Amino acid sequence: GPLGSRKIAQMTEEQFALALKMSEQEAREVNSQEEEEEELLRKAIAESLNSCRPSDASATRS
């Protein structure tokens with residue numbers, strides 16, 4: 001085989017349960033937090049575009 005599973009230590013039943021718990025915390029593999037940040041970045045940009053320009057203190061156009 002690739003190396004030899006015969007020399008590879010097998011995981012115990014308890015170890016398997018812990019592995020599942022870790023996946024649940026990460027949802028799967030990638031951090032869901034990163035995805036949320038990306039969404040927030042786009043939302044902020046859209047909001048800025050929808051935001052009107054600030055009033056001129058001098059009252060001068062453009």
# chains A, B, ... in the order shown; residues from 1 in each chain; ligands from 1

call {"tool": "select_by_dssp", "arguments": {"residues": "chain A", "states": "helix (DSSP H, G or I)", "output": "PyMOL selection string"}}
result
chain A and resi 13-25+32-50

call {"tool": "decode", "arguments": {"residues": "chain A", "atoms": "C-alpha atoms", "output": "short mmCIF file (atom, residue, chain, number, x, y, z; two decimals), in the first residue's frame"}}
result
data_model
loop_
_atom_site.label_atom_id
_atom_site.label_comp_id
_atom_site.auth_asym_id
_atom_site.auth_seq_id
_atom_site.Cartn_x
_atom_site.Cartn_y
_atom_site.Cartn_z
CA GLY A 1 0.00 0.00 0.00
CA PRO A 2 1.04 3.69 0.26
CA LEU A 3 3.07 2.88 3.39
CA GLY A 4 1.54 0.21 5.63
CA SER A 5 -1.62 0.46 7.73
CA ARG A 6 -0.21 -2.42 9.75
CA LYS A 7 2.24 -0.03 11.46
CA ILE A 8 -0.35 2.72 11.73
CA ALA A 9 -2.05 2.91 15.12
CA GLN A 10 -5.84 2.67 14.87
CA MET A 11 -8.07 5.21 16.59
CA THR A 12 -10.13 4.06 19.58
CA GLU A 13 -13.90 4.39 19.89
CA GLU A 14 -13.43 7.31 22.27
CA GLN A 15 -11.10 9.03 19.80
CA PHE A 16 -13.70 8.70 17.05
CA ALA A 17 -16.34 10.39 19.21
CA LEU A 18 -13.98 13.31 19.89
CA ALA A 19 -13.33 13.68 16.16
CA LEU A 20 -17.06 14.12 15.54
CA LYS A 21 -17.25 16.81 18.23
CA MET A 22 -14.42 18.74 16.60
CA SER A 23 -16.19 18.67 13.24
CA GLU A 24 -19.36 20.00 14.86
CA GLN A 25 -17.48 22.97 16.29
CA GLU A 26 -16.00 23.77 12.87
CA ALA A 27 -19.27 22.81 11.17
CA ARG A 28 -17.15 20.78 8.77
CA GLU A 29 -13.69 22.17 7.96
CA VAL A 30 -13.78 25.91 7.22
CA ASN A 31 -14.63 28.43 9.92
CA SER A 32 -18.16 29.77 9.49
CA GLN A 33 -16.88 33.00 11.02
CA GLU A 34 -14.80 33.66 7.91
CA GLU A 35 -17.88 33.32 5.71
CA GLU A 36 -19.81 35.75 7.90
CA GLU A 37 -17.00 38.30 7.67
CA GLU A 38 -17.06 38.15 3.88
CA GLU A 39 -20.81 38.75 3.84
CA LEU A 40 -20.45 41.70 6.20
CA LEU A 41 -17.78 43.22 3.96
CA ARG A 42 -20.09 43.15 0.94
CA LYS A 43 -23.02 44.47 2.97
CA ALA A 44 -20.96 47.40 4.24
CA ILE A 45 -19.96 48.34 0.69
CA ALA A 46 -23.55 48.20 -0.54
CA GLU A 47 -24.68 50.35 2.39
CA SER A 48 -22.00 52.94 1.65
CA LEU A 49 -23.13 53.12 -1.96
CA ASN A 50 -26.76 53.56 -0.89
CA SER A 51 -25.65 56.21 1.60
CA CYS A 52 -26.18 59.80 0.49
CA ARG A 53 -23.31 62.29 0.31
CA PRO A 54 -22.57 64.41 3.44
CA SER A 55 -24.04 67.91 3.64
CA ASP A 56 -21.67 70.74 2.71
CA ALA A 57 -20.87 73.02 5.63
CA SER A 58 -20.17 75.86 3.20
CA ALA A 59 -23.39 75.04 1.34
CA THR A 60 -21.42 74.99 -1.93
CA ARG A 61 -22.64 72.64 -4.65
CA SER A 62 -20.21 69.93 -5.76
#
